[PDB]
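Residues are numbered in PDB author numbering as their position in the sequence shown, beginning at 1, plus a constant of 2.
Notes follow the structure.
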Amino acid sequence: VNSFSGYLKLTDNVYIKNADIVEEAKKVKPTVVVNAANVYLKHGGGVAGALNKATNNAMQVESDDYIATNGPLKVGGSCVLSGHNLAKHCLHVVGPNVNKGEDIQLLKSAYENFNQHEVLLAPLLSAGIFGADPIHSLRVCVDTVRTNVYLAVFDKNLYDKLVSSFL
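Shown next, in the form of structure tokens:
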């Protein structure tokens, strides 16, 4: 039993809710919140910009030190950093950005990072400003993630379409 509330159950291990991931994280304080990161951990907009803003830019400060030490992530890769006031940890995961011409096949590799964590609060990878089809992202999530994932979808219209079209 966990404290995630109001989710629709899609499969044995995948749950979904129309919610602002920032507000969900502040309420639940999950062990892991997933950020929709880019390889430079520049949290300018989308989910990343919102999460970083909620940390009063502490996420960005920590991320800049991470990059200065380690260099950029790989597309499809991840790193674990602090969750600041939102969660114990933040798993920064880089899905492919279609608006950069990045290979959508890398979306499966991106979701594989979730399997290193027993329970996660997450957005749909490569959705929103990353330009991929969110219906496809949900399909890859369900077919790749085996750990318990609670998906927050900000847009109510999109949430309803994801549920109604789910096979």
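All C-beta atoms, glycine included, are put in the ideal place defined by N, C-alpha and C.
Could you check where the alpha helix (DSSP H) with residue i kicks off and where it finishes?
i	result
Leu53	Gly48 to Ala56
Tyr161	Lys158 to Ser166
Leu153	Looking at the DSSP string, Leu153 is not in any alpha helix (DSSP H); the run it does join, the beta strand (DSSP E), is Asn150 to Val155.
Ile106	Where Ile106 is concerned, there is no enclosing alpha helix (DSSP H), given that its DSSP letter is neither H nor E.
Would you report the Cα separation of residue i and residue j, rounded to the nearest angstrom?
i	j	result
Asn54	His45	6 angstroms
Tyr152	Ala27	11 angstroms
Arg148	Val142	11 angstroms
Since residue i and residue j should fall inside the 8 angstroms C-beta cutoff, what is the C-beta to C-beta distance between them, to a whole number of angstroms?
i	j	result
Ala124	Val36	4 angstroms
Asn58	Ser80	Not quite, the Cβ-Cβ distance comes to about 23 angstroms (not below 8 angstroms), so this is no contact.
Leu75	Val82	Incorrect: roughly 12 angstroms between the Cβ atoms, too far for contact.
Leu122	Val16	Incorrect: roughly 11 angstroms between the Cβ atoms, too far for contact.
Which same chain residues end up closer than 7 angstroms to residue i when comparing Cβ atoms and leaving out the 5 residues on each side of it in sequence?
i	result
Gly133	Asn99, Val100 and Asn101
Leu12	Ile18, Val144 and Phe168
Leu109	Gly97, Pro98, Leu127, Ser128, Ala134, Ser139 and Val142
Closest to residue i by CA distance: which of the options is it?
i	options	result
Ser5	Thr13, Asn15, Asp22 and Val30	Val30
residue 1	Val165, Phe156 and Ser7	The displayed coordinates of the chain run from 3 to 169. Any statement about residue 1 would go beyond what the structure contains.
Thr71	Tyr42, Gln118, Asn150 and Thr33	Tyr42
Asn40	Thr33, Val34 and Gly48	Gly48
The beta strand (DSSP E) that contains residue i, what's its start and end?
i	result
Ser80	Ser80 to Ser84
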